[PDB]
Amino acid sequence: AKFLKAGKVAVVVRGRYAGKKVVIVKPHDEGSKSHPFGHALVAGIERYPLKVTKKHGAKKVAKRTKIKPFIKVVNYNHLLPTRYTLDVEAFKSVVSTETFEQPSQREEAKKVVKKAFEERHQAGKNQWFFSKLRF
Amino acid sequence: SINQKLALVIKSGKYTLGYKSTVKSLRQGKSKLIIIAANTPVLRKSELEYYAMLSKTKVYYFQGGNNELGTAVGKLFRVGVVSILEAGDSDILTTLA
Amino acid sequence: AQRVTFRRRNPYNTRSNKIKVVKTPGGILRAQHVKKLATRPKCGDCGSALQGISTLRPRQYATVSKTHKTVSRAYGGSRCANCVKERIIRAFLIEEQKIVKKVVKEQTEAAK
Amino acid sequence: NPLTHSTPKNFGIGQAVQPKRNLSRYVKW
Amino acid sequence: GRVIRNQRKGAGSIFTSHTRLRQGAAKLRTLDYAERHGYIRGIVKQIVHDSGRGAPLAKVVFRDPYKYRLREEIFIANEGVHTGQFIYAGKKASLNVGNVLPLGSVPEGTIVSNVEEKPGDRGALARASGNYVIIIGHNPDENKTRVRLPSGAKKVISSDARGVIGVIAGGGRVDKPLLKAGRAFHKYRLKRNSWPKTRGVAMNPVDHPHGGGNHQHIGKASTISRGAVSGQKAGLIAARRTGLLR
Amino acid sequence: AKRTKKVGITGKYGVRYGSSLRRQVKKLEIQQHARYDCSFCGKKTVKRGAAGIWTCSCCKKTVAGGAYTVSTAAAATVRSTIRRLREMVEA
Amino acid sequence: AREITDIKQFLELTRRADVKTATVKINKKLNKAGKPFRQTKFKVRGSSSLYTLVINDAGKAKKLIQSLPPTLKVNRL
RNA sequence: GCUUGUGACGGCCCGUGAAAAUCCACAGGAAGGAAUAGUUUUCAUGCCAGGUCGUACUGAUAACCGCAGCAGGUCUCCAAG
RNA sequence: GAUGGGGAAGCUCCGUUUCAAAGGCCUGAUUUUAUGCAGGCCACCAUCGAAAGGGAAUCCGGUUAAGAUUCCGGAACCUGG
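Chains as they are written, first to last, in our numbering: chain A, 1 to 135; chain B, 1001 to 1097; chain C, 2001 to 2112; chain D, 3001 to 3029; chain E, 4001 to 4246; chain F, 5001 to 5091; chain G, 6001 to 6077.
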């Protein structure tokens, strides 16, 4: 069956983001006026939170754990689909084709993504999706 | 043997050839089986298996190089992986594979 | 039918001493010393000249903006982007199968 | 607590550059 | 008299080795904890040509145990290695071509090369191309090992002495006629000044013991005592027999 | 158009060196300039760069080997003897 | 040894406070194929560079010359 | 067309045909810093200094060496119909 | 080719990182004062050796009885701050 879906984590293997982890939010399997190929809208995190430890108190923890996200159209061929998953229903509205085209709507739509990700990093659900891939 | 299995799929059933055209059938879950050469590079095979365990498809290993696997599907060129997306009157799916 | 000399005291044809023949504004042919050509930077993996970098001599990169010396992928000015595509595949699928190995070492305890 | 992770580093030869130990027995005096 | 030509190689002036293009001294890895209590893996980066030698070299890159870095070393490449190969080194390694094991760890009838005389000399025996020693037996108490040196001599060494599995690459080298004095000129420019060789017969009573006379001939036996003295020794030295074999 | 009859590749040497030596080289120089199958990429790109080293131009593997040919005679029976002693201890 | 295109950007460097002098060169050329015209250049001298503006349409070139700042000491032709 | 430069290919080797200073990129994440406002001299422009010894002329059928203003010897670039 | 060492009646010889306690950095700790004390580091450990090898950056026009890619006029560029 089709393992590219709304929750499926992937890895970005092609360009400026190569090595970073994403989540496939709104896949278009076949067709579009532009992008005449199967592509998937994704959201991912560009900066990974730094090592946090017992010894860091006070303000370091909040400034180590800062996440920087992104939203991108990407071609399947540039993704490694993997078995992991996220619960994506938070921002399903906020990451969309309508968000692109009006780039103001893209920096409005990182906030609802940046907030959903720093939540999950508390309450350590999806421990792996927040750890820097290494290569 | 396996040759008669592959050889009967040709005119009775539909299939794809080569790496990049299996993954499009495999990422679409149209792949009912894949046959993978013995000389194929490890990191290639490792990835073809990983796509399979996600799409839950049977991975059968042809015994031979890619020079022989194309001799099996009746091609004059080498082929390193083959995906069977619809089987013909042959028994390939129901049997050992 | 004009002929021209070296402009420097090296009489000899060595690798640094190359000459190009130039027509000046004052009508005369004159020789012009030329500096050795620049080689493209190479992928430290596959060896193929990695595109996007400007080809200069080594100390002429100290004078240049950083966009000439880099691309915006990870391992930008270093590996050829198909050597980065692999080592992402290889870093994910080696430490993928490496998790499956560590459950079997928990099972091989309870199975025996 | 949710954010902090457990590494453990594996000294089993073959991996994990060795820690700093007490070499006081081995030093060249 | 004069000082003859073989007495003239000792002071080593123009007779030294031509060392410029040589990749380095091909050795095995220093014997350490990780190798004698277990194995450590490198990979062979490129297998390359060394000047003055007959056999290719391989550069395998290990990971330093006690400090963060890489360390790369020069192995004489056994036949069958390829770039991208994992090369395992240590007591607990496996028997495959290119892996360096102690000799006690391999069964008799195993073919290894670049074996060590004593443990930790980083290789001695059978380093020329195509050579190998066979392991013909063990002595598990007062630990030794019985191996067959490439000449056919049988030597007995320690069982902690490492050696690398397989035959050294570059076999078949001397099968090809050299065919002209030029190709032998390009051979010894990368080695040393031995060439060409004037027959001591063809020189004067000063230049050699074989010199002089109104014909070319040696005049006395061409076999010399092992107990000869400096400069007397030219010709077949302390031979037990002589003449074509039958 | 076969041109020469006996000498083949050694026609470059002309009349010199004697017939045996020229014929004994023709044995090897047909081996070292020959083109071999590649045990990895599945094509035949393999050629010799130097004594001991055999370079694929496809998969860029370099492969150590025999001086005038890929696999030496006494080598192919080492990697069987080594394959046999390995199974001996693990079986 | 540089060139300026926009008129406005040229009006900046004249005030840039590194520019002590300028000049106006007049060159008589022809355009297209047939007929000539009067081409002028304005060369302002920086410390490290020399900027020039080329005016091929003489309807603009006069409105520009008057617009030069009074401190700048101009050498015409 | 000739001279020189260069690029992509091919041949040859039991011959595979220097080293280093020097400069840069990348991996890493030490730290340091937005909200009444804080950086960045690898973007632009602007500012100051750039020392010591060599520098003439022949380079040869008389300026070099051969007792000399010697038919000898002596490395090299440019090259018209 | 010094040093450390090692020979040599001695002039000096071996050797060049060698059986060596072979060294100065990066800033944190200081706002009594500047640098104590601080963790970490990095072990390559003289120097000499090419006016043809490697190498930061300059061009055109004019000028002298004799000098110029150096002087003049103009147009650039590099390096350290």
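No residue lacks a Cβ here, since even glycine has one placed at the ideal position from N, Cα and C.
- In this structure the segment 4043 to 4060 of chain E does not touch the segment 4102 to 4121 of chain E; the number of beta carbon pairs closer than 8 Å is below three.
- Our two residues, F117 of chain A and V9 of chain A, have alpha carbons roughly 14 Å apart in a direct line.
- Here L1054 of chain B is near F3 of chain A, since their CB atoms are less than 7 Å apart.
- The continuous stretches of alpha helix (DSSP H) do not include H4037 of chain E, and DSSP gives it neither H nor E.
- Beta-bridge analysis with DSSP links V1082 of chain B to B:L1017 and B:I1035.
- Take the alpha-carbon of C2083 of chain C and the one of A1072 of chain B: they are about 33 Å apart.
- In the DSSP assignment, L6013 of chain G falls within the unbroken alpha helix (DSSP H) covering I6007 to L6013.
- For the segment 1081 to 1094 of chain B, no residue has a beta-carbon sitting nearer than 9 Å to a beta-carbon of chain F.
- Residues are counted here when their Cβ sits less than 9 Å from a Cβ of chain F; for the segment 4156 to 4177 of chain E these are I4165, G4166, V4167, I4168, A4169, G4170, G4171, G4172, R4173, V4174, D4175, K4176 and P4177, given in chain order.
- Of all residues in the segment 1027 to 1052 of chain B, only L1043, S1046, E1047 and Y1050 place a beta-carbon less than 8 Å from a beta-carbon of chain C.
- Taking the CA atoms as reference points, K2069 of chain C sits about 17 Å from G2047 of chain C.
- Per the Cβ contact rule, the segment 1065 to 1082 of chain B is in contact with the segment 1033 to 1052 of chain B (3 or more Cβ pairs under 8 Å).
- The closest CA to that of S1012 of chain B, considering only B:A1097, B:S1090, B:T1095 and B:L1096, is found on B:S1090.
- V4097 of chain E is positioned such that its CB atom lies no closer than 7 Å to that of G4123 of chain E.
- For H4186 of chain E, the enclosing alpha helix (DSSP H) begins and ends at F4185 to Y4188.
- Contact of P3002 of chain D with chain A is assigned, a C-beta pair being separated by under 7 Å.
- Within chain B, the residues whose beta carbon sits less than 8 Å from that of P81 of chain A are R1027, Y1051 and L1054, listed in sequence order.
- When C-alpha distances from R4240 of chain E are compared across E:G4231, E:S4129 and E:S4225, the shortest belongs to E:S4225.
- Counting only runs of 4 or more residues that sit fully inside the segment 4159 to 4240 of chain E, the alpha helix (DSSP H) segments are 4185 to 4188, in chain order.
- The Cβ of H121 of chain A sits closer than 7 Å to at least one Cβ of chain D.
- From the beta-carbon of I4040 of chain E, the residues of chain D found nearer than 8 Å are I3013 and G3014.
- Relative to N77 of chain A, the option among A:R14, A:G7 and A:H28 whose CA is nearest is A:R14.
- Residue environment for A62 of chain A: exposed (fewer than 16 other C-beta atoms within 10 angstroms of its C-beta).
- At least 7 Å separates the beta-carbon of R4020 of chain E from that of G4052 of chain E.
- One alpha carbon belongs to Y6051 of chain G, the other to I6004 of chain G, and they sit about 6 Å apart.
- Listed by position along chain B, the residues whose Cβ is nearer than 9 Å to that of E2086 of chain C are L1043.
- Interface annotation, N1003 of chain B: not in contact with chain F, CB-CB separation never under 7 Å.
- Residue state for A1007 of chain B is assigned as helix, using DSSP reduced to three classes.
- When F:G5052, F:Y5036 and F:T5004 are compared, the shortest CA-CA separation from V5046 of chain F is found for F:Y5036.
- Residues of the segment 4074 to 4101 of chain E that bring their beta carbon within less than 8 Å of a beta carbon in chain F comprise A4077, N4078, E4079, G4080, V4081, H4082, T4083, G4084, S4094, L4095, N4096 and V4097, in sequence order.
- At a cut-off of 7 Å, the C-beta of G1065 of chain B has a neighbouring C-beta in chain F.
- Less than 7 Å separates the beta-carbon of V4156 of chain E from that of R4146 of chain E.
- Contact between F91 of chain A and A43 of chain A holds: their C-beta atoms lie close to 7 Å from each other, under 8 Å.
- According to the DSSP assignment, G5049 of chain F belongs to the beta strand (DSSP E) that extends over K5047 to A5050.
- At least 7 Å separates the CB of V5007 of chain F from every CB of chain E.
- Here the alpha carbons of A58 of chain A and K1056 of chain B stand approximately 48 Å from one another.
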